[PDB]
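Engineer: Residue numbers (PDB author numbering), protein chains in the order written: chain A, 1 to 3, 11 to 220; chain B, 1 to 3, 11 to 220; chain C, 1 to 3, 11 to 220; chain D, 1 to 3, 11 to 220; chain E, 1 to 3, 11 to 220; chain F, 1 to 3, 11 to 220.
6 protein chains.
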Amino acid sequence: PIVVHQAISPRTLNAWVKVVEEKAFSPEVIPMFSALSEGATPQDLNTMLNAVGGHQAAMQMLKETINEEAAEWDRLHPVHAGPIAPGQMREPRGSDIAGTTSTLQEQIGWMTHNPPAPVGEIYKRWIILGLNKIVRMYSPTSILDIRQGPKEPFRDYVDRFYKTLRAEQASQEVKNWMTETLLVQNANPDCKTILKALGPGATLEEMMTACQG
Amino acid sequence: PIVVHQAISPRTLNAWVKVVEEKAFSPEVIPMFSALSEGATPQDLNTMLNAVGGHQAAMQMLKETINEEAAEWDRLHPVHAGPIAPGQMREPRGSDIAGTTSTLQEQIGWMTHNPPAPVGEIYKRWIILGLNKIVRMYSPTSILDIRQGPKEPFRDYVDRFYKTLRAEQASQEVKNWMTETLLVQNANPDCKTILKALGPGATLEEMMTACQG
Amino acid sequence: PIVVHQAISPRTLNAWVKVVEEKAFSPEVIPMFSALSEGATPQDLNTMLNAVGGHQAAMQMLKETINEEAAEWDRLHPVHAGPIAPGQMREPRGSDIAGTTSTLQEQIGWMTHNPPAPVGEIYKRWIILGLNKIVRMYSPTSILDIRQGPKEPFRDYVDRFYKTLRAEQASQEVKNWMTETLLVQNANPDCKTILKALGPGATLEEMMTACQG
Amino acid sequence: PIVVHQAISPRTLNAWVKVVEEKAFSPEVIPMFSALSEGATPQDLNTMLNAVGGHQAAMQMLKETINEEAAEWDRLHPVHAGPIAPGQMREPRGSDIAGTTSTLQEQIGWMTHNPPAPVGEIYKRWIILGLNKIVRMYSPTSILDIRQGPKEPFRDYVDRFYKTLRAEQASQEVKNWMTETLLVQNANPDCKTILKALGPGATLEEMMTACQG
Amino acid sequence: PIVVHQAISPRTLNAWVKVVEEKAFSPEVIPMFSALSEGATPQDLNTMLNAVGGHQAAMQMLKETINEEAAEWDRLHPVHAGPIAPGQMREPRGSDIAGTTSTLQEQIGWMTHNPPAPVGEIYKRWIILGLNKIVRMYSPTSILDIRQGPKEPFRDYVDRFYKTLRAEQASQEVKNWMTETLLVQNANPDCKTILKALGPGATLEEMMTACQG
Amino acid sequence: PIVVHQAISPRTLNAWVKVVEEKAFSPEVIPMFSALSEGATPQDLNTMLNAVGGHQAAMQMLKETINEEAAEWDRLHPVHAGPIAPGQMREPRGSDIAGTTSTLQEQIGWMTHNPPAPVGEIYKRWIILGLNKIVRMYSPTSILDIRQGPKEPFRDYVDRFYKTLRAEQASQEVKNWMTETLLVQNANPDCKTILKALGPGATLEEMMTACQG
Ligand SMILES: [Cl-]
Ligand SMILES: [Cl-]
Ligand SMILES: [Cl-]
Ligand SMILES: [Cl-]
Ligand SMILES: [Cl-]
Ligand SMILES: [Cl-]
Ligand SMILES: [Cl-]
Ligand SMILES: [Cl-]
Ligand SMILES: [Cl-]
Ligand SMILES: [Cl-]
Ligand SMILES: [Cl-]
Ligand SMILES: [Cl-]
Ligand SMILES: [Cl-]
Ligand SMILES: [Cl-]
Ligand SMILES: [Cl-]
Ligand SMILES: [Cl-]
Ligand SMILES: [Cl-]
Ligand SMILES: [Cl-]
Ligand SMILES: [Cl-]
Ligand SMILES: [Cl-]
Ligand SMILES: [Cl-]
Ligand SMILES: [Cl-]
Ligand SMILES: [Cl-]
Ligand SMILES: [Cl-]
Ligand SMILES: [Cl-]
Ligand SMILES: [Cl-]
Ligand SMILES: [Cl-]
Ligand SMILES: [Cl-]
Ligand SMILES: [Cl-]
Ligand SMILES: [Cl-]
Ligand SMILES: [Cl-]
Ligand SMILES: [Cl-]
Ligand SMILES: [Cl-]
Ligand SMILES: [Cl-]
Ligand SMILES: [Cl-]
Ligand SMILES: [Cl-]
Ligand SMILES: [Cl-]
Ligand SMILES: [Cl-]
Ligand SMILES: [Cl-]
Ligand SMILES: [Cl-]
Ligand SMILES: [Cl-]
Ligand SMILES: [Cl-]
Ligand SMILES: [Cl-]
Ligand SMILES: [Cl-]
Ligand SMILES: [Cl-]
Ligand SMILES: [Cl-]
Ligand SMILES: [Cl-]
Ligand SMILES: [Cl-]
Ligand SMILES: [Cl-]
Ligand SMILES: [Cl-]
Ligand SMILES: [Cl-]
Ligand SMILES: [Cl-]
Ligand SMILES: [Cl-]
Ligand SMILES: [Cl-]
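Structure follows, in structure tokens:
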């Protein structure tokens, strides 16, 4: 990464590979990825993705997404040809941002320029976009099917609900609505009755303490 | 964290994730969290919370608490609109402090300003507030139910008492009173008799050495 | 490596040796190698290759490849004899680049000169060239033999396809064609029918969600 | 710690928690604590104590001891009220030293002042005082009960003797006397006879080599 | 090591001790040794050798070799007596290079002088010379006895051949000849026939792909 | 240690404690100790010794030895009383060197003075002196009892011989003589005959290759 440049740390790299081995594509993999790639160059970012053995269906989807974002980038930032002046960098293309048509030193040039052409953070955006698609698609459950069982402690139901929620394809307002409707609606008869009695203004803290017994 | 800024360390992060895997929400998780987040930016803080897979009931309660503290913040610090001058930062909102409507560079701007707008320490406060609620709620036992058994070594009873005490929803003065009343009151007849004989001025050292035999 | 020079880290080195123990010569070994050798001197690079115990058939092929690239280098950069002036370095030969006829201090001299004679990155190129040959040759499967099974979840077939693809001796355009033809062509009758119905413009995301059920 | 200030390291912290898990309160825990807390702020010190889950009987005794030392401190250093001048720090109270009524920045202010108000080393003193009480109290054996067995190799007896000795509540002169009297006195008849014959000027080296056979 | 001087790292040291525990004296131990001792002082080097428990037959041979190289050094660099001037170092003897009659500060003096008396790299040379003798002597197999078995995959034969080759006492030209003669000559009848048909100009890549089936 | 001062590293410390757990007092423990204590203050040194749980017979012998060396030090360096001038340090006593009557800052004062009063290296000397006594005394075997068995590979006999040799109480010249006499003298009849035939000028390399078959 950049803090000029240093090599991606072996411990960071192995951390990233361990995460993908164990967790597959659970939601928490994405903040984990962001943390391990803070200040990363496109090179470092490619290193991280390429280091993954297996899950090549997902890694291929991630390439396709990256190439979409690259094409969009080109479309919005059309190249202006000419001799690049002394003390200046060329305008990065879609592929320069994703690291396949740029050198490390060009990447360092962009990231440390005044003002910066922040290509790592652009590429990280695109990567995370692709990671989000995969997480969603690889989620086994649907939020509409999370139903508290007759003798299931409320806390375990809430744990399943919000896990499934975190992997859903939905904006914040749509998630807010799933909480407004489904959580209470899909509780078991006893808890459901008690939570209806608390009203629709009640906090999760309130609801959980209410169905403790 | 800030010491300007560096990436949250992979070892720090994995430390934090390991703690939540093993300890769940035992009281000691909170000082552990403070230690691993010393100098953290809101981004780093979010990284740490988001890295947690599972316990999404608790992580959701923690969001709700954070949003309460954010609303309170807004209420007390009402926004003053206008063009921000050169060499100045905008006044942070509730959501800017919690990292969802601020960039990392805005966070770095606030934390390193003269005088600092110490947004990490504010957000850490709010997080720990939420962590304290969860610990309490997830405590299995009540302090009123800790009773020394007939053949239970006094030290093991004191160990259960003060563990349960540490997870209670009570100020220092209320805790002081639980010690004043319950510890001696809920000892077994033999130890109880011996500790009554020491009087109410006796130290824990004194009490433990007294019921050693 | 160079960041002047420091010793290759013991953790980096053991990382590299662990990778070759576990993964043998799976495709992901090569980005792993690049990451662990960022800024490496030819010495450091030789250290990494020499540290490998076993796989001496492959390590011998890698030597042969290195010596080919060295001979090519000599051919294109013919030596110009004469006394090297003060404040100057000799032109590196093929073997100087590969570290067998150069000292560490000569390597440091080249890598830190203005402009640099970037001998580490040249030698890394040649090494990776040799690593790519070995990966291909040591691949057990051929892309033409990857056929989805009658009850095989489409995702597992796509996982086998793109794993085998990544180890193939083929340019990007030839890979693009294997995707254009073989993926859909070698699916099982049910999925094959559904993917034919999507047409040849369909994304992998689209194709996978289509054959989910 | 301070070396200005950096966060307590995650490895240091986990080291400390591991020590208390494994060793409980064996004597060697205290030098271990001193090592892991070199240059610590009161905050760092509290972090270390608070990180301990379990042993809350002992952790409570340690609080009581800390509060005693704090009260003594107040008694000897009575507060002098007034506006603190520019370029000056307030006189630390007992609780400021123990970190509960001081900020980290006040602690850093004291520890880095010219001359320093060395609050970490004061609090560490008090902590170690409390740790010493606990070790003693939690020692299972008494030095008066360590008796060499009939077929016990002298070296194993000396190992038990000096282990039990290290956990005793006794000054150096009292320990010197336990060595003068008990070691030889409580040896088995054969070794006891041989060590009486060496006289009271003999070194431990001499005594051990004497009872080797 | 020197990068002035720092202590040999505990991780480096334990790395070195682990290598000798596991690998004994396989060829790869020597590049491993060079890597872990980059910039080492004679002291550091002695530390590494002395840290080895066991294999004292080999460690004794290594001493004998070191003392030979030391005697040779003395012979070629005969001592010139006299008062050493201010701003000057004495000429190092054989034993000064090997660290037994020099202080660390004398070693640092030599290694950092302008021009350097590079005593670490001299002693490392001598050590590696001794390590090479041991590897050879401790090799179980002879290159003349490596014969492909009737149903042995060619790749496994080539793996045994080049492993045994790497431990041989032979210059490059002699190794080149063992490849020219023995590899093909000692293949099984089927592979042997196919490799004879490729001719004596064929690469290892070519030969291995030829005997794949 | 000093490189001014930093805290002994947790990894160094745990390294040292692990060594004493596993190896007990095998000869290699002493170079291990020197490595882990390079640049150590007396405080750091005491930390390392005090961190050892168990082996208190040996740790007590080590104290006795330290106190002997301290008394000798006092004897040779008799204290000269008077007011210590500005810009000066008091002359260290035996106990100041061993860290029990000196502060860390006094130790840092001595070690960094121009010229240095190198108290760490003095105390390390004394410690290693004591460690050497213990190793010798705790050695199970005597060099006079190492006899090659009738079917024992010569290399294993040489391994036992030089291990036992390394733990002996003997100068270099006395060790040289044990090699001159005992090694060949205590070989089995077959090897003994062959080594007599090589003569008394033969190297260990020569002797081992001679008794290979
Ligand atoms: Cl690392
Ligand atoms: Cl994987
Ligand atoms: Cl998955
Ligand atoms: Cl790749
Ligand atoms: Cl796969
Ligand atoms: Cl450019
Ligand atoms: Cl942008
Ligand atoms: Cl479900
Ligand atoms: Cl409802
Ligand atoms: Cl790290
Ligand atoms: Cl978890
Ligand atoms: Cl829980
Ligand atoms: Cl997230
Ligand atoms: Cl869960
Ligand atoms: Cl702003
Ligand atoms: Cl505030
Ligand atoms: Cl209970
Ligand atoms: Cl009562
Ligand atoms: Cl390292
Ligand atoms: Cl291997
Ligand atoms: Cl393989
Ligand atoms: Cl090699
Ligand atoms: Cl092999
Ligand atoms: Cl040159
Ligand atoms: Cl080039
Ligand atoms: Cl297949
Ligand atoms: Cl088709
Ligand atoms: Cl760390
Ligand atoms: Cl514990
Ligand atoms: Cl205990
Ligand atoms: Cl706490
Ligand atoms: Cl407990
Ligand atoms: Cl103040
Ligand atoms: Cl004080
Ligand atoms: Cl006992
Ligand atoms: Cl007696
Ligand atoms: Cl380390
Ligand atoms: Cl070993
Ligand atoms: Cl061996
Ligand atoms: Cl040694
Ligand atoms: Cl051995
Ligand atoms: Cl000199
Ligand atoms: Cl030389
Ligand atoms: Cl063989
Ligand atoms: Cl032939
Ligand atoms: Cl560390
Ligand atoms: Cl131990
Ligand atoms: Cl032992
Ligand atoms: Cl101690
Ligand atoms: Cl013991
Ligand atoms: Cl002084
Ligand atoms: Cl001295
Ligand atoms: Cl024996
Ligand atoms: Cl003889």
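We put the CB at the ideal spot given by N, CA and C, even for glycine.
1) Less than 9 angstroms between the beta carbons of residue 130 of chain D and residue 73 of chain D, yes or no?
2) Can you tell me whether residue 2 of chain E is helix, strand or coil according to DSSP?
3) Leaving out the 5 sequence neighbours to the left and right, which residues in its chain are closer than 7 angstroms to residue 191 of chain F when beta-carbon positions are compared?
4) Counting by C-beta, which residues lie closer than 5 angstroms to a heavy atom of ligand 32, in chain order?
5) Please classify residue 86 of chain D: is it buried, with 16 or more other beta-carbons within 10 angstroms of its beta-carbon, or exposed?
6) From residue 205 of chain E to residue 20 of chain A, what does the alpha carbon distance come to, in whole angstroms?
7) List the residues of chain C whose Cβ lies closer than 9 angstroms to the Cβ of residue 166 of chain E, in chain order.
8) Is it a yes or a no for the stretch 135 to 142 of chain B touching the stretch 159 to 170 of chain B, going by three-plus beta-carbon pairs under 8 angstroms?
9) Pairs of beta-carbons, one from the stretch 56 to 65 of chain C and one from the stretch 21 to 36 of chain C, closer than 8 angstroms: are there three or more?
10) Thinking residue 68 of chain C and residue 189 of chain E are a contact (beta carbons under 8 angstroms), I'd like their distance in whole angstroms, please.
11) How far does the alpha helix (DSSP H) with residue 123 of chain C in it reach, from first residue to last?
12) Closer than 8 angstroms: is that where the CB of residue 155 of chain B sits relative to any heavy atom of ligand 18?
13) Name, please, each residue of chain A whose Cβ falls closer than 7 angstroms to the Cβ of residue 13 of chain B.
14) Tell me which same chain residues have a C-beta within less than 8 angstroms of the C-beta of residue 52 of chain E, skipping the five on either side of it?
15) What span of residues does the alpha helix (DSSP H) with residue 38 of chain F cover, start to end?
16) Have a look at residue 32 of chain D and residue 121 of chain E and give me their C-alpha separation to the nearest angstrom.
17) Spatial neighbours of residue 41 of chain C within its chain, please: CB distance less than 8 angstroms, with the 5 preceding and 5 following residues excluded, ordered by chain position.
18) Counting only C-beta atoms, is residue 88 of chain C closer than 9 angstroms to chain A at any point?
19) For residue 10 of chain B, decide whether its Cβ has a neighbour in chain A, counting only Cβ atoms nearer than 9 angstroms.
20) Is residue 78 of chain F buried or exposed, if buried means 16 or more other CB atoms sit within 10 Å of its CB?
21) Cα separation between residue 185 of chain F and residue 178 of chain F?
22) Suppose the cutoff is 8 angstroms on Cβ atoms and the five residues either side in sequence are ignored; what does the same chain contact list for residue 111 of chain B look like?
23) If you follow the alpha helix (DSSP H) that residue 161 of chain F is in, where does it begin and where does it stop?
24) What's the gap between the Cα of residue 233 of chain E and the Cα of residue 116 of chain E?
25) Near ligand 22, which residues have their beta-carbon less than 5 angstroms from any of its heavy atoms, given in chain order?
26) Kindly say whether residue 54 of chain E, judged by its beta-carbon, lies nearer than 9 angstroms to any beta-carbon of chain F.
27) Quick one: list the residues of chain C neighbouring residue 21 of chain A, beta-carbon separation under 7 angstroms, in chain order.
28) Tell me, to the nearest whole angstrom, how far the beta carbon of residue 104 of chain C is from that of residue 46 of chain C; I am working on the premise that it is less than 8 angstroms.
29) Closest by CA to residue 153 of chain F, which one among F:65, F:187 and F:194?
30) Take residue 144 of chain C and list the residues in its own chain whose beta-carbon comes closer than 6 angstroms to its own, dropping the five residues that flank it on each side.
31) Spell out whether any CB of chain A is found under 9 angstroms from the CB atom of residue 46 of chain C.
32) Below 9 angstroms on C-beta distance, what does residue 18 of chain E contact in chain F?
33) For the putative contact between residue 124 of chain E and residue 34 of chain E, defined by C-beta atoms under 8 angstroms, what is the C-beta separation to the nearest angstrom?
34) Per DSSP, residue 12 of chain C is paired with what?
35) Along the stretch 143 to 177 of chain D, where does the CB come closer than 7 angstroms to a CB of chain F? Name the residues.
Structural biologist: Working from what's here:
1) yes
2) strand
3) 199, 202 and 203
4) B:166, B:170 and D:61
5) exposed
6) 43 angstroms
7) 61, 62, 63, 64 and 65
8) no
9) yes
10) At roughly 18 angstroms, the Cβ-Cβ gap does not stay under 8 angstroms, so residue 68 of chain C and residue 189 of chain E are not in contact.
11) Run containing residue 123 of chain C: none; DSSP gives neither H nor E here.
12) no
13) 3
14) 44, 106, 127, 130, 131 and 134
15) 36 to 43
16) 54 angstroms
17) 131 and 135
18) no
19) Note on chain B: consecutive modelled numbers read 3 then 11, so residue 10 of chain B has no coordinates in the structure shown.
20) exposed
21) 11 angstroms
22) 12, 48 and 50
23) 161 to 173
24) Past the boundaries of the shown model lies residue 233 of chain E; chain E is included only from 1 to 220, so the question cannot be answered.
25) C:57 and E:38
26) yes
27) 22
28) Not really, about 16 angstroms apart at Cβ, beyond 8 angstroms.
29) F:194
30) none
31) yes
32) 18 and 22
33) Not quite, the Cβ-Cβ distance comes to about 31 angstroms (not below 8 angstroms), so this is no contact.
34) C:2
35) 162, 165, 166, 169, 170 and 173
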